[PDB]
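>>> just the first chains of my complex for now:
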Amino acid sequence: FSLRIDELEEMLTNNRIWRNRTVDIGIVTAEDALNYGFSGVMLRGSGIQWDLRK
């Protein structure tokens, strides 16, 4: 599986297409993002270093 997951990165992440499109869409990281409460990802994905796992 270790090689299989990194095959997606060589296909999607390094490409110009994703770095042109998905970059700068719905940038929400402020106290307002905390005022919506997404819990998993979003806040975890960007900003606050918080998780229930730890």
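Structure received. Numbers count the residues shown, from 1 in each chain, chains lettered A, B, ... in the order given.
>>> for the rest of this, base every contact and every neighbour count on C-alpha atoms.
Fine.
>>> ok, now how distant is the residue positioned nearest the centre of chain A from residue A:22?
Residue closest to the mean C-alpha point of chain A, counted by CA atoms, centre = their mean, is residue A:45 at 4.5 Å. Distance, residue A:45 to residue A:22, by CA to CA, to the nearest Å: 15 Å.
>>> mind checking how far the residue nearest to the centre of chain A is from residue A:1?
In terms of CA to CA, residue A:45 sits 23 Å off from residue A:1.
>>> using PDB, write out every CA atom in whichever strand or helix holds residue A:4.
Taking DSSP states H and E as the definition, residue A:4 sits inside helix A:2-9. Output of helix A:2-9 as PDB, limited to C-alpha atoms (Å, rounded to 0.1, in the frame of the first residue of the first chain):
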ATOM      1  CA  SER A   2       2.900   2.400   0.800                       C
ATOM      2  CA  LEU A   3       3.900   2.700  -2.900                       C
ATOM      3  CA  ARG A   4       0.200   2.800  -4.000                       C
ATOM      4  CA  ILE A   5      -0.800   5.900  -2.100                       C
ATOM      5  CA  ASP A   6       2.300   7.900  -3.300                       C
ATOM      6  CA  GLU A   7       1.300   7.100  -6.900                       C
ATOM      7  CA  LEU A   8      -1.600   9.500  -6.400                       C
ATOM      8  CA  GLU A   9       0.800  12.300  -5.400                       C
END
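>>> kindly incorporate the sequence below as chain B:
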Amino acid sequence: XXXXXXXXXXXXXXXXXXXXXXXXXXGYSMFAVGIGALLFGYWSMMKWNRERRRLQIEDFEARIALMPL
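Alright, chain B goes in next:
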């Protein structure tokens, strides 16, 4: 004796490692081939255009040579 599920270690699969690595082209090397193909490209193309001139004058000569037409 009671038998259940057994554990296996050996190498532990090796989790989280960058498999992505740069191959073939480096940067400066591909530009030498790129401009090199261009320099070979224009030089070989214009030689046929000079060879076309041998035909070009000779083809239009047929109209000048033929006046009973």
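>>> if we can go back for a sec, is chain B within reach of the helix holding residue A:4?
Yes: residues of helix A:2-9 are located near chain B by CA under 8 Å from any CA of the partner chain, namely A:2, A:3, A:6, A:9.
>>> which of those residues are buried?
By neighbour count, with 16 or more other CA atoms under 10 Å in any protein chain shown, those hold residue A:6 as buried.
>>> for chain A, just list every one of the helices.
A:2-9, A:16-21, A:31-34 (DSSP state H).
>>> so which elements touch the helix holding residue A:4?
Counting by 3 or more CA pairs under 8 Å, 6 or more residues apart in numbering or on different chains; DSSP states H and E, no packing neighbours are recorded for helix A:2-9 among the helices and strands.
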